[PDB]
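K.L.:
Structure below; questions to follow.
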Amino acid sequence: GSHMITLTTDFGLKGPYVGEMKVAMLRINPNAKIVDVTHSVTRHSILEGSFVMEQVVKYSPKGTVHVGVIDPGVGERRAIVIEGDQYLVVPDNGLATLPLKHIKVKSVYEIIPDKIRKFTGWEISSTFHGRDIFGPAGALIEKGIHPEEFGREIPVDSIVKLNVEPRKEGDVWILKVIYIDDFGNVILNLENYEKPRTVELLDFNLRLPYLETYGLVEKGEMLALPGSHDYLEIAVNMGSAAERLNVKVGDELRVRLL
Amino acid sequence: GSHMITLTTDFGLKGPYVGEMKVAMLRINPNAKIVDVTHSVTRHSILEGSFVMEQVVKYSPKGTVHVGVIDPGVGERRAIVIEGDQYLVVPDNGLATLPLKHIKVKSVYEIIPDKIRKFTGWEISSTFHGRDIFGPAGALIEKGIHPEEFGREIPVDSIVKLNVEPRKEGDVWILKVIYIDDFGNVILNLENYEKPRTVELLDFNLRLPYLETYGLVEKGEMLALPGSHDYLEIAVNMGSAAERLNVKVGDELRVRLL
Amino acid sequence: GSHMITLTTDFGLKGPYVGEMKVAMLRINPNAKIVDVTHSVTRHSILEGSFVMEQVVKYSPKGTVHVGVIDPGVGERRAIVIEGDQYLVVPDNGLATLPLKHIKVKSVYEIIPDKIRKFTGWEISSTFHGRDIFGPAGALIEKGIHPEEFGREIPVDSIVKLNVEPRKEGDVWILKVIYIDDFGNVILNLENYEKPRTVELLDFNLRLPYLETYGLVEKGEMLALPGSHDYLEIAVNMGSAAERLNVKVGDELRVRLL
Ligand SMILES: Nc1ncnc2c1ncn2[C@@H]1O[C@H](CSCC[C@H](N)C(=O)O)[C@@H](O)[C@H]1O
Ligand SMILES: Nc1ncnc2c1ncn2[C@@H]1O[C@H](CSCC[C@H](N)C(=O)O)[C@@H](O)[C@H]1O
Ligand SMILES: Nc1ncnc2c1ncn2[C@@H]1O[C@H](CSCC[C@H](N)C(=O)O)[C@@H](O)[C@H]1O
């Protein structure tokens, strides 16, 4: 109970999965301070999951333990602990990629199922590794159990990495949708850019004003804004950019800043 | 960690916003007892948000701190702390209106961003004031930091108030939909009324029996009931009144009690 | 705060209901460790609720208190406490049936509303017994208040039980859908079966491979798998079996194992 353990998944909210994972954790670490991020990441989207954990890592105190489980390839992908000034407990499938931009890494461990089972006492399922591997590992780490006790160290440079950088051709960026929020605001992977006056969505016949807040255009109008995530956000004031553009996470857009 | 801090937002559940706000809070107040109400208030509905906080305030113990963030007009609206036998930490946009029916107010403070930034250490975003202003203020207040330290007192009668009272013309009430729940039950702003035998929805050709519970009519039938909120509830037994009537929050209905 | 109190409901996430119930609980038991399972059980589905509590009970430590509220028949159904090596606080409507497979029961109590009101102080509503009866009873039990103090013992064999066993005709099972998760994976009430090589959905013209993980078939293909729940799961790799089969909880399917 010294540090927080955060949870990010695509498991969904209807059913037992999250509760099972939490009770498994609290079994091991009864004083754990378990903080939900989301369990509503778009199904199997390791990209959107990575974005979400990135934002939470940026604001968490050092020593925080982050459990992330978006795991379509569950089965012989590795389960890993990344040990840094913060911890990540994640499938080795590139989920760690964005949060890793903000963590100084000391070491990486592959979790050994046999050694986890020692601590839990129950059969490791083929598919629900949040309950049987990742949650327990997070709880154990926060309890002061060294990853060496349930895993073995592996090279930091061996882990799966997502391709997340945007492309630029001349004055045209080719940007990827990395997150869409419940408003339908659309987050694109452009960061560290000088603020423009205009953002052109070349594929859509739209030249959007770049403004600080939604209420600086009429209701129903589309704009671009900084948002709170240090990327580029496209929004409809009191509406859904995602619906109007018919875009989804992973879609690429041609974008010019003017 | 002496009193509860409740959270009510329209931020949604898919993404990092709620987790960011929580970790920001726990940074400041590691022992905070943070209780989620909802983050699924209808987008930008200050009215439905106010209703939801009203119901939670009614059942919370004195000293409880209520953070509410439904903030379409974020940008030069004020961020305020209402100091009473309970606290409200809200945008000055009328969200406080219904909960204020149940709080004895001592004083009101405008939060000064510059003074909050002193405590957090990070740049205040243009749009995510839950993370950068409201959550921190709630955490600070519960930690025993006086609002005077990060704000300045303003008159209680200067704050934005929602128009929430129903209208009556003769024997006809003109009622507003203030909440629709996940069942599609429809809550109308009529309170403190003598229970009728019948509730006529004049616009809809319906004369509904007023009954204590859903199971007192056949499945699929519509009724009116008291519910648990001290308003008037319209429901379909095992169905959705909202869908059948095609109504939304803010819609007005002509209603007669017989 | 010695043991966990878990919460499973169909109340939904949009609105005040869950927050009200939690603040009522924490009023009574300020140190309660309240663990959300789900509030997104399919409306009024006592069957799916029972499944969800079953899975959480299986992984909770002894002494855990489980509050379950899926209560379409609220009104003269009983409110009960099941006292065992774990506790259940539930409507007497068969919600307890699946979790009871995993609990050694000592005694059962009917909650007496008048005696609960002694402890809460407020009027018991006709419909929101989570806030006014079940949550308080859970909080009180975890606080060390004996059920005898707010109820009266009743025979364990008098409580409502769901019919949950599958039927078999020759080599054909008639299985019921007991849960559908957020992926659209479909859980059928077949347990304790020898793993087949093939699962035929006789009604659908499908002969599915039985495999350990989703990624063992092409994307879009349907399979059967063990899952993590000790039942039988039907899934589309990276899709929705529920949508493809057009099935809902309670639907019955003819199924042959080959
Ligand atoms: N598209 C939109 N139009 C108008 N207001 C919006 C909006 N999207 C979010 N909001 C308002 O923004 C408030 C704060 S949430 C801000 C989220 C934004 N994407 C960010 O990263 O900063 C919410 O209460 C919501 O009502
Ligand atoms: N429209 C409806 N028809 C039948 N049962 C309903 C219903 N709406 C809610 N319920 C049942 O009510 C139970 C308790 S929630 C009650 C909510 C109600 N609006 C109130 O304020 O009191 C739930 O478990 C749900 O299954
Ligand atoms: N139908 C499906 N196809 C592919 N992957 C799936 C899937 N359903 C769940 N998953 C993946 O499974 C991971 C773990 S959740 C596993 C749930 C499964 N029903 C069980 O009881 O074990 C999730 O992160 C999700 O991305």
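Residue positions begin at 1 at the first shown residue.
Including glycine, each Cβ sits where the backbone N, Cα and C put it.
Reproduced below are the annotations present in Swiss-Prot:
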BINDING   B:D10, B:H44, B:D71, B:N185, B:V236  adenosine binding site
SITE      B:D71  site 'Important for activity'
SITE      B:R77  site 'Important for activity'
SITE      B:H129  site 'Important for activity'
BINDING   B:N185, B:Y214, B:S228, B:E233, B:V236, B:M238  (R)-S-adenosyl-L-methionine binding site
K.L.:
Rounded to the nearest Å, what's the C-alpha distance separating B:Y214 ((R)-S-adenosyl-L-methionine binding site) and B:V236 (adenosine binding site)? Just drop the number here, would you?
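P.N.:
Computed Cα spacing between B:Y214 ((R)-S-adenosyl-L-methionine binding site) and B:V236 (adenosine binding site) is 8 Å.
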K.L.:
Filter the recorded positions B:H44, B:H129, B:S228 down to the ones with a Cβ under 8 Å from chain C's Cβ atoms, keeping sequence order.
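P.N.:
Cβ contacts with chain C under 8 Å: B:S228.
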K.L.:
Distance between B:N185 (adenosine binding site) and B:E233 ((R)-S-adenosyl-L-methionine binding site) at the Cα atoms, whole Å?
P.N.:
7
K.L.:
Going along the chain, which residues six or more apart from B:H129 (site 'Important for activity') have their CB under 8 A from its CB?
P.N.:
B:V69, B:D71, B:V74, B:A79, B:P91
K.L.:
Cβ within less than 8 Å of a chain A Cβ is the test here; which of the binding-site residues B:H44, B:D71, B:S228 meet it?
P.N.:
B:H44
K.L.:
On a simple 10 Å Cβ count over all chains shown, which one of the binding-site residues B:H44, B:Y214, B:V236 is most densely packed?
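P.N.:
Its Cβ has the most other Cβ atoms within 10 Å: B:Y214.
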K.L.:
Of the binding-site residues B:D10, B:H44, B:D71, B:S228, which ones put their CB under 6 Å from ligand 1?
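P.N.:
The ones that qualify, in sequence order, are B:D10, B:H44, B:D71.
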K.L.:
Could you list the residues of the same chain, at least six apart in sequence, whose Cβ is under 8 A from the Cβ of B:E233 ((R)-S-adenosyl-L-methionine binding site)?
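P.N.:
Counting only residues 6 or more apart in sequence, the Cβ neighbours of B:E233 ((R)-S-adenosyl-L-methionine binding site) under 8 Å are B:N185, B:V186, B:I187, B:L188, B:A224, B:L225, B:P226, B:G227.
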K.L.:
Could you state the whole-number distance in Å separating the C-alpha atoms of B:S228 ((R)-S-adenosyl-L-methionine binding site) and B:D10 (adenosine binding site)?
P.N.:
22
K.L.:
Distance between B:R77 (site 'Important for activity') and B:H44 (adenosine binding site) at the Cα atoms, whole Å?
P.N.:
15
K.L.:
Consider only the binding-site residues B:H44, B:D71, B:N185, B:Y214, B:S228, B:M238: which of them have a Cβ under 6 Å from an atom of ligand 2? Write none if no residue does.
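P.N.:
Only B:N185, B:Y214, B:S228, B:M238 qualify.
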K.L.:
What three-state secondary structure does DSSP assign to B:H129 (site 'Important for activity')?
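P.N.:
The residue in question, B:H129 (site 'Important for activity'), is helix (DSSP, three-state).
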K.L.:
How big is the Cα-to-Cα gap, in Å, between B:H44 (adenosine binding site) and B:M238 ((R)-S-adenosyl-L-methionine binding site)?
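P.N.:
Checking the Cα atoms of B:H44 (adenosine binding site) and B:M238 ((R)-S-adenosyl-L-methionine binding site) gives a distance of 29 Å.
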K.L.:
Around B:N185 (adenosine binding site), how many other C-beta atoms are within 10 angstroms of its C-beta?
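P.N.:
The answer is 22 other Cβ atoms.
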K.L.:
Return the residues near B:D10 (adenosine binding site) by Cβ distance under 8 Å, restricted to its own chain and a separation of at least 6 in sequence.
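P.N.:
Within the chain, B:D10 (adenosine binding site) has Cβ neighbours under 8 Å at B:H39, B:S40, B:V41, B:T42, B:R43, B:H44, B:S45, B:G49, B:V69, B:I70.
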K.L.:
Can you tell which of B:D71, B:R77, B:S228, B:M238 has the most other C-beta atoms within 10 Å, given these are the recorded positions?
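P.N.:
Neighbour-count leader: B:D71.
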